[PDB]
There are 4 protein chains.
Amino acid sequence: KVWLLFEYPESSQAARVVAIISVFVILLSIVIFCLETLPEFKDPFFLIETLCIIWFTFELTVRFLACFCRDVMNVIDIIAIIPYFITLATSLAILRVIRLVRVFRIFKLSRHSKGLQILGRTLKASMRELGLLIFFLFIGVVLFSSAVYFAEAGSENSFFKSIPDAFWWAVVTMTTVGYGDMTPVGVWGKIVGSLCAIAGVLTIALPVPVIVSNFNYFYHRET
Amino acid sequence: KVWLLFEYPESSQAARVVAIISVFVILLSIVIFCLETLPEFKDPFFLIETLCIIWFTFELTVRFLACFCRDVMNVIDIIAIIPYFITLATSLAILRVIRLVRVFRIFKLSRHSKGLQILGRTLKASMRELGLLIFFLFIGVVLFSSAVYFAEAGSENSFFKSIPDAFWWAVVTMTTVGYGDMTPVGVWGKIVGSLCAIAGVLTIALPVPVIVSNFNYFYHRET
Amino acid sequence: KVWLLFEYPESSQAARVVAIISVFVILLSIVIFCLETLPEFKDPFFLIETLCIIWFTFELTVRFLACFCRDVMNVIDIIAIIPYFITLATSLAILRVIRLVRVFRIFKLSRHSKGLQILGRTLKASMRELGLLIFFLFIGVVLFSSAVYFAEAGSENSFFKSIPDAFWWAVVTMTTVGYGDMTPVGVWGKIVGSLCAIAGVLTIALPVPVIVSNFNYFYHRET
Amino acid sequence: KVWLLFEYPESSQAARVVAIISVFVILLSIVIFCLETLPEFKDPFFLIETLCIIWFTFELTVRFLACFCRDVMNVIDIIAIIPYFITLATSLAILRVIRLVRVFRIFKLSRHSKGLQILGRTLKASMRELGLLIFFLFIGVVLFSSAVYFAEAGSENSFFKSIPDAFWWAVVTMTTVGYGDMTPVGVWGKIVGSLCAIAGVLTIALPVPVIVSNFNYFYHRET
Ligand SMILES: [K+]
Ligand SMILES: [K+]
Ligand SMILES: [K+]
Ligand SMILES: [K+]
């Protein structure tokens, strides 16, 4: 009865309109999540979150009754609804952590969108390449964060006060973001940074064409 | 009679020279558009814009009489001529908006150039990929603009005063531009930015090879 | 007699050693060109440049006598020797211009190196793509330098005082260098910059795979 | 006897567990290397390095007795153990140089990891491309570091005081890192930088697809 309505968006006009509200409520909740942090708004933002939560719970229980937890879609629905009920029952770090989780509302759009599902499949099918990329980046960062520290220990006015403190700079230079908050001053540090830029470029460039190929294959096969 | 002259640049020497003036007037109008904003120039810039407008109107009406509005080329011609007649007839935001539209003179070069037409066709044939890229970038930005805000709410001297205020930073880091006007200060914010750089690199890298392939196909087929 | 010695580096051991001095003198001249500008050195740098010039003139005249000007290699040799004789015969802008030309000594290494010759051939065979890239970059820069100026004319403390003054910023953002000396301040300027980054990324990405393919073809065919 | 245990990680459960300690000790030594530079720690860090050194010496001598130096793996083991014995026997520049070498502990993970071995093989098989890339980058840097100096010698407040001093800026701009500590001020310097950005982009882009192809071939053949 309701399973066809909530699982066949193209079966009938009654089911087609339902998905529109399903997307509108998600977008409204996402919008209202960001506006609570604006200083100008330091009651109206709670009576609408309550309706959004009620709609999410109804949408979950309708498909829960008419059968489940082995797929990723149902897991996301449960996570999106938990944080509201926790704060109704009732350390600041725990409060910030449970407030941050609310951001997982954006992942409920994956049931409607197809490109996001393709991206998820591509991410699932390319774990080894991502691990290799992280490994190479860590090796390069730890290799380049010590040379720049040892090549500028003579100067009393150097930003790099320790090897860990030079980690940030390294990941800034290898990714070519270049914020510029920390820069080498001596000649040897400049040579180290010049080598670091090229090494980071090559390290980032090497793994990507495999993930790109997997995404292209999935996108072309699905569409 | 005049249709062959104004639509066959290689038919005769009389038609070939006409296109030269057609390009020279466009370039002169583009040049004169920028120089009105220089502080040194705070009359000479109006009596030449009038001649440019007269030439544009003549060029439009010659092909309008000898036949139309279903193509994009004729639409651009109408837009390029409207703003002059509006200000002759006679709120500051409306004035700035109608002054900004004048910049559409540069698109009249598409009738003469071929690579710009190829670029337009490629843009037309790859709407879905551009939409997917924008979707992925928005998802990543909204995902990373809240973690960095929640990981630095303890510090009283943090730049990120709200989740929307951290949008800019995010799009600066994911695109690897790295202006450096806003940077994370705490350890957790630095970890968030380190993850954000890689995520933005991958997100930007994934969609492009399809638009690149479409442009290559169009460029090779046309030329 | 001398033509075989000066044109067959692998014919004999006598000719093989000659090229070593030919490279050493070029490298020494390049090194001595940069060190004259160091503040510490504000006579020794002239008596060695004289010997370098004498060797260049001898190397030119040996192959000039035993035959010519239709190739690019002989043109570079003449340019490298002219600036010394001009200053011996005897407005500050002309002096700086004729002093800057001396930097063309580095191009004499193209006769010995092969990868540089391959790069030159690739550059010669891909003029149209470079022109198209420059055209697209100019169009994007002129398009984005006016919107950011018109979207921030209200603020009295904006860096962008004119449309030309916003050219620099634009080419900084489209190339993703991001120096950070000029940044948008208002919301609309930030949106304009966010669009500009993506537009520049796509514009730069589109033309390159043709020049890359030409270079790969030449490199694989030669080697 | 012990050769099978120390060279066949998958032969038996006794050999499988040994590699776990071999990785744990390496990771612990790497971690303890960085924490000595933290200002908070200005004895505990020596009695654990001693155990790490003892384990490394034992692991080396077990495979040394049961046979050698022609491979790269055995060379790395010797280098990792030398610096400890040098300081036990007993100019500040020599001390910093011999302290910096300790960072070579990270390369001992290559015996266990496979992707790092693939990366090493790819680096070995692509020496010519790396040399060509370095050559092109040096040519571009020396070409662009003199034009920007000669185009801004008129201004008394220019950062570029000499041609060598402008090397850093150049390698910052060609790699698109853009720290922003040194920027051109005059119009001509800005034009030079605008050309430099594009030239560096093309120069970096040209060599890479060969190293990428070699890495892809090795990764697909091995796995
Ligand atoms: K950058
Ligand atoms: K960059
Ligand atoms: K930057
Ligand atoms: K910067």
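Calculation notes
Residues numbered from 1 in each chain as written, not as in the entry; some residues may be left out. Chains lettered and ligands numbered in written order. Heavy atoms only, no water. Residues with missing side-chain atoms left out of burial classes, pairs and counts. Helix = DSSP H or I, 4+ residues; strand = E, 2+ residues; numbered from the N terminus. Rg over C-alpha atoms; globule rule 2.2 N^0.38 Å. Patch = residues over 30% accessible without salt bridge, like charges linked within 9 Å, V, L, I, M, F, W, Y side chains within 5 Å. Areas by Shrake-Rupley, 256 points an atom, 1.4 Å probe, with all protein chains shown as cover. Salt bridge = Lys/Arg side-chain N within 4 Å of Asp/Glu carboxyl O. Buried < 20%, exposed > 50% of the residue type's maximum accessible area, 1.4 Å probe, protein only. Axes fitted to C-alpha atoms, helices over the stretch in contact; angles between N-to-C directions. Parallel < 35°, antiparallel > 145°, perpendicular 65-115°, else oblique. Left-handed = near helix turned anticlockwise from the far one by under 90°. Contact = heavy atoms within 4.5 Å. Nonpolar A, V, L, I, M, F, W, Y, C, P; charged D, E, K, R; others polar. Domains from an automatic or database assignment. Buried area = accessible area lost by both parts, 1.4 Å probe.

For this coordinate set, the PDB header names cryo-EM as the determination method and states a resolution of 3.0 Å.

Draft legend 1. Summary view of the overall build of chain A. Secondary structure summary: chain A contains 10 helices and 0 strands in total. Helices (α) and strands (β) of chain A occur, in sequence order from the N terminus, as α-α-α-α-α-α-α-α-α-α. In summary, chain A has a C-alpha radius of gyration of 24 Å against a globular reference of 17 Å for 223 residues, an excess of more than 25%. Each principal axis of the C-alpha atoms in chain A carries an extent, and together these give about 75 × 50 × 30 Å.

Draft legend 2. Structural view of a nonpolar patch on the surface. The grouping of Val187, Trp188, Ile191 and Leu195 of chain A at the surface amounts to a nonpolar patch, some 470 Å² of accessible area in total. Looking at where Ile191 of chain A falls in the secondary structure, it is placed in helix α9 (residues 187–205).

Draft legend 3. Examining the pattern of salt bridges more closely. All names here are of chain B. Following the criterion strictly, the structure yields 16 salt bridges over all chains and no others. A salt bridge links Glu36 to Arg102; the nearest nitrogen and oxygen atoms lie 3.3 Å apart. Under the relative-accessibility criterion, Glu36 is labelled partly exposed at 21%. Given the relative accessible area of 18%, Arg102 is considered buried.

Draft legend 4. Quick look at the packing of helix α2 (residues 13–35) of chain C against helix α3 (residues 47–65) of chain C. All names here are of chain C. As a packed pair, α2 and α3 sit with axes 10 Å apart at the nearest point and diverge in direction by 140°. Looking at the two axes, α2 sits oblique to α3. For the element pair α2 and α3, the recorded crossing hand is left-handed. Here α2 contributes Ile21, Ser22, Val25, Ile26, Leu28, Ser29 and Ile32 to the contact with α3, which in turn contributes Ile48, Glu49, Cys52, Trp55, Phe56 and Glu59. Residue classes in the contact of α2 with α3 are distributed as 9 nonpolar, 2 polar and 2 charged.

Draft legend 5. How the structure looks around the domain arrangement of chain A. Residue and element names in this part refer to chain A. The domain boundaries assigned to chain A delineate domain 1 (1–120) and domain 2 (121–221). Using only C-alpha atoms to locate each centre, domain 1 and domain 2 end up separated by 37 Å. Contacts between the two partners involve 4 residues from domain 1 and, on the opposite side, 7 residues from domain 2. Buried area between domain 1 and domain 2, both sides added, is near 510 Å², and the carbon and sulfur share of it is 58%. The largest per-residue losses of area from domain 1 upon contact with domain 2 belong to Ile118, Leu119 and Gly120, which jointly make up 87% of the total buried on that side. On inspection of domain 1 and its partner domain 2, the count reaches 0 salt bridges.

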